[PDB]
Amino acid sequence: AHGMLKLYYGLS
Amino acid sequence: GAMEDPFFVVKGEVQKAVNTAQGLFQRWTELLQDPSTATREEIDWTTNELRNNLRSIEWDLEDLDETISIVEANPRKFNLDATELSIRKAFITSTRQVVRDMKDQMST
């Protein structure tokens, strides 16, 4: 989940 | 290079985790109430897997909650329907308490 969200949202 | 919004994907996984956790909690309750069937190993295993879920769910909600701040800080880029967004917010808040309510009836 983290990686999906990171990819689209650019989690810091 | 338009990308697909994976929020709803993770949302479903959290819900799925919440459903499994709920089944585990009802089990935990039935064990901790009657030490006739409640062997230590089974109790330990159930409490452990109930934690395994509450763990994934809390990280998940952290990340999900953050994506909301990211959209709100940069709305033009994401172009999200406002009703849909409010639903995202209500999902995070209501799941937090649902999980919170399980943790309360456990840790005490």
Side-chain angles (χ1 to χ4, degrees), chain A, chain B residues 1-22 49 51-82 84-96 98-99:
Chain A
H2 191 248
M4 279 188 294
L5 294 182
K6 180 180 187 57
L7 197 47
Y8 186 90
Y9 291 107
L11 285 48
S12 163
Chain B
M3 222 188 308
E4 175 186 336
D5 195 340
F7 186 106
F8 86 111
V9 181
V10 181
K11 175 201 201 167
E13 300 183 357
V14 169
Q15 286 180 312
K16 197 228 300 266
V18 165
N19 306 350
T20 292
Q22 274 167 350
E49 289 306 324
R51 292 171 146 255
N52 179 15
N53 289 282
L54 295 187
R55 179 180 321 148
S56 172
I57 296 169
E58 291 178 310
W59 187 20
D60 281 9
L61 288 178
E62 280 193 6
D63 288 348
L64 280 171
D65 199 12
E66 283 186 8
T67 76
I68 295 198
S69 297
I70 291 187
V71 166
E72 287 202 324
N74 196 18
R76 171 48 86 131
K77 160 181 186 174
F78 292 102
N79 189 38
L80 279 172
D81 173 85
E84 175 188 357
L85 193 185
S86 278
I87 291 176
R88 292 185 178 192
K89 283 163 163 181
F91 169 74
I92 290 174
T93 294
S94 70
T95 300
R96 280 204 179 111
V98 164
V99 161

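First the proteins, then the strands, lettered A, B, ... as listed; each starts at 1.
Tested against B/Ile57, the residues B/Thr20, B/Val99, B/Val98 include a single side-chain contact (heavy atoms from CB on, under 4.5 Å) partner, B/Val99.
Contact annotation for B/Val9: only side-chain heavy atoms (C-beta onward) come within less than 4.5 Å of a heavy atom of chain A.
The two residues B/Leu54 and B/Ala21 have their closest heavy-atom pair at CD2-CB, 4.3 Å.
Separating the OG atom in B/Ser86 from the CD1 atom in B/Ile68 is a distance of 9.0 Å, to the nearest 0.5 Å.
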Listing needed: what donor-acceptor pairs below 3.5 Å join chain B with chain A?
from	atom 1	to	atom 2	distance (Å)
B/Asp5	OD1	A/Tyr9	OH	2.5
B/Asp5	OD2	A/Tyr9	OH	3.1
B/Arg88	NH1	A/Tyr9	OH	3.0

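Considering only heavy atoms from C-beta on, B/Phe7 stays 4.5 Å or farther from B/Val71 through its side chain. When side chains are defined from C-beta on, B/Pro6 counts as touching A/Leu5, because their heavy atoms get closer than 4.5 Å.
Atom CZ of B/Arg96 has more than 12 neighbouring heavy atoms from other residues, nucleotides or ligands inside a 6.0 Å radius.
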